[PDB]
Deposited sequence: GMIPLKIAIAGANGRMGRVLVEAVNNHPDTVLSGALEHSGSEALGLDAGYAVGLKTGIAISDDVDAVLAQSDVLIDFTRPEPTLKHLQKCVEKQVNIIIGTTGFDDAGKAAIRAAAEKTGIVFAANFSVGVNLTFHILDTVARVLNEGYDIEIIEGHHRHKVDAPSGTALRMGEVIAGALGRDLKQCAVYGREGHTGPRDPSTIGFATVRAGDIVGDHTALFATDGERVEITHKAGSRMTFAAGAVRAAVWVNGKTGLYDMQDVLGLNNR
């Protein structure tokens, strides 16, 4: 597509969907061209920006074919089943797709791989630019600080969060353990292999703080990500939409960010 890129948002009335509308609004190379919901949504017919203070001119719709016909890229952070119906239609209409939906098993992932032969896809477990950058720099840090350091993955989340450690924290752990030549799960001297541990805070409504702490005698290095809202994932999803414009293939956020 020509600039500006015409973006459609699935699940436009959900929490991710609203922030995505704002993310499309903030990026100067994109415009909102569609906003999808299922046929039961209380929000059908409302302006896509009604809950975030924007007049987009785009009525929230359940007409998937009509929306895709006038869009260049669909951004989808919904559930696996509806995402894969949207996928088939993107393929048919030659629309790119940014899949932030998680929870696919082997057969869902195969479906995504197959469609990537025919359209541009960015499929990532996490769309935060900062998080993905953290995963990348942690490999380097852990290689250099491979002896003599105690390594702790510290995370803070909202009270009712079920998974401890979070998926992000576990990934940070896997990157570090990998860089140390190890598999995940006294005094550490200068030639002792650096050690890994996890600490978890569950409190209030914390969106998510993740710190990798590398500590030795006389120093601490801390690599920290702090999420203030879902805008971090939304902004990275829109960056990915812009990046994958004009491409066919299966990409991830490492590709988007020019890493590895």
Sequence order list of spans that the model leaves without C-alpha positions, deposited numbering: 186-193, 269-270
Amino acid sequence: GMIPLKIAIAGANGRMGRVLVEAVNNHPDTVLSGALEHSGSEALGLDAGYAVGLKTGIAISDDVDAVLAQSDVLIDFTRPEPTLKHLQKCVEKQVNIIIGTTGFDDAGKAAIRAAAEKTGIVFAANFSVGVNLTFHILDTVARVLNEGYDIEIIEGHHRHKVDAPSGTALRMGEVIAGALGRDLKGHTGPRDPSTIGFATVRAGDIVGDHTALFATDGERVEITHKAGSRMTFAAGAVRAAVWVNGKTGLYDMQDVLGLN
From here on, numbers count along this sequence of modelled residues.
Between 11-19 and 235-243 (mean CA B-factor, as deposited), the higher: 11-19
Between the two ranges 195-203 and 30-38, the one averaging a larger CA B factor in the entry: 195-203
Highest-ranked of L54, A227, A215, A212 once sorted by CA temperature factor in the record: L54
Position of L257 among the chain's modelled residues by C-alpha B-factor, lowest, middle or highest third: middle
Cα B factor band for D72 (lowest, middle or highest third within the chain): lowest
Third of the chain's Cα B-factor distribution that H86 belongs to, per the entry: lowest
Assigned third (lowest, middle, highest) for the C-alpha B factor of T140: middle
Third assignment of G103 from its chain's C-alpha B-factors: highest
